Amino acid sequence: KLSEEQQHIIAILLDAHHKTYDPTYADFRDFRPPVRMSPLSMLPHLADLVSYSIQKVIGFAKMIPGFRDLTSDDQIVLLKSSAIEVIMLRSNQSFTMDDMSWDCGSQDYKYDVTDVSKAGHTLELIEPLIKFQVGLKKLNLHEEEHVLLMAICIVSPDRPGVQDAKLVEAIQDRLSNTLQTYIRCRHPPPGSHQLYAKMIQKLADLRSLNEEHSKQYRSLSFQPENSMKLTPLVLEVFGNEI
Amino acid sequence: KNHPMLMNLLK
Ligand SMILES: CC(=O)O[C@@H]1CC[C@@]2(C)[C@H](CC[C@@H]3[C@@H]2CC[C@]2(C)[C@@H]([C@H](C)CCC(=O)O)CC[C@@H]32)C1
């Protein structure tokens, strides 16, 4: 069946996740207040939320078994390219198909199409993003699968700028086989039907979403009054050729 | 390639 190592890896990712994703969203009070006046009225709040989320994705990444054997250069490359993707992935936990929004426990912290569209990004991003959420939601992944996907997403050997791809690849396959085996031994059919194929496809959707994000990020970061509403970490990770 | 904040958060 599974494996002691694999069960070890799973146990670690679940805990790493519980330590980096607060289901109460208590820290959201500290962000610059949300303003639902693009009016860019949401940019200060969503910028802080994203920035904060980058810090949590980094924290989760460090606990990914094997990520520590990578060099800083590789670790930095992997996080710079995966951050936004993992943030869209982990956000699935708060997304509800009831009203197609990210319900972050609180009306002020409940975000929908018109809110996330008020931060300088267009529907060319938001449309596919919600679609992504729905499709991912419909997979009804076990939380074990959820964290494995986030981890696999982080340690992808094909990210531009990777050095020791072999090591990155080794680390990822380990996670993949853990995933493939868990689905087979722990995810009952029919819900297990082509589940691994449907999760890997979501990794392809994320690249696409990531690509569109880079395009729209640069667009608004090339405008000084906008880039000054962001945070220093966002500028570092997403780009600061402003 | 010079990401003090990211670098610092990673170590
Ligand atoms: C710096 C920058 O410009 O950040 C942009 C702000 C607008 C926008 C459109 C883009 C794409 C990612 C979107 C973000 C809005 C807020 C979302 C929808 C997050 C959820 C509120 C997260 C919920 C959760 O944590 O569970 C996760 C995906 C995020 C990033």
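Kirkwood Rh over Cα pairs of chain A into Stokes-Einstein at 20 °C, 1.002 mPa s: D in µm²/s?
Numbers: Rh = 18.5 Å.
For these conditions, the coefficient is 116 µm²/s.
In debye, nearest 20: dipole of the protein assembly as shown around its Cα centre with unit charges on the Cβ of K, R (+) and D, E (-)? Walk me through the numbers before you get to the answer.
On the way: 28 positive and 32 negative charges, 26 e Å.
With only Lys, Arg, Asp and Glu charged at Cβ, the dipole is about 120 debye.
The phi-based Karplus calculation (6.51 cos²θ - 1.76 cosθ + 1.60; θ = phi - 60°) puts the 3J(HN,Hα) values of the range A:230-242 at 8, 10, x, 5, 4, 5, 5, 5, 5, x, 10, 7, 6 Hz, whole numbers, x for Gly and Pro. The H on the amide N of A:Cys104, modeled in the peptide plane, is under 5 Å from the matching H of A:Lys110, A:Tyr111, each at least 5 residues off or on a different chain.
Applying the Karplus relation 6.51 cos²θ - 1.76 cosθ + 1.60 with θ = phi - 60° to the range A:210-221 yields 3J(HN,Hα) values of 4, 4, 4, 5, 4, 4, 6, 5, 3, 3, 7, 7 Hz, where x marks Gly and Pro.
Tell me, rounded to the nearest percent, the portion of alpha carbon pairs in the range A:1-126 spaced more than 19 Å apart. Please list the in-between numbers first.
Working: 4356 of 7875 pairs.
Above the 19 Å cut-off, the range A:1-126 has 55 percent of its Cα pairs.
Residues in the range A:93-107 carry Karplus couplings, in order, of 4, 9, 6, 10, 7, 4, 9, 6, 8, 9, 8, 9, x, 1, 5 Hz; the curve used is 6.51 cos²θ - 1.76 cosθ + 1.60 with θ = phi - 60°, and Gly or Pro positions show x.
Would you work out the charge dipole size for the range A:160-236 about its Cα centre, treating the Cβ of every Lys and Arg as +1 and the Cβ of every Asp and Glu as -1, and quote it to the nearest 20 debye? Mind showing how you got there, number by number?
Numbers: 10 positive and 8 negative charges, 69 e Å.
With only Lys, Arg, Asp and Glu charged at Cβ, the dipole is about 340 debye.
Remark: for residue pairs A:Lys56/B:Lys11; A:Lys1/A:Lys198; A:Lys19/A:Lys56; A:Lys137/A:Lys198; A:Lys80/A:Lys215; A:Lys166/A:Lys215, the C-alpha separation exceeds 18 Å in A:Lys1/A:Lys198; A:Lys166/A:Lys215.
The mean number of partner chain beta-carbon atoms within 10 angstrom of a residue's beta-carbon across peptide A:71-79 is 3.
All Cβ positions, even for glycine, are placed from backbone atoms using ideal geometry, and neighbour counts span all protein chains on display. No lab work stands behind these numbers, since they all come straight from the coordinates.
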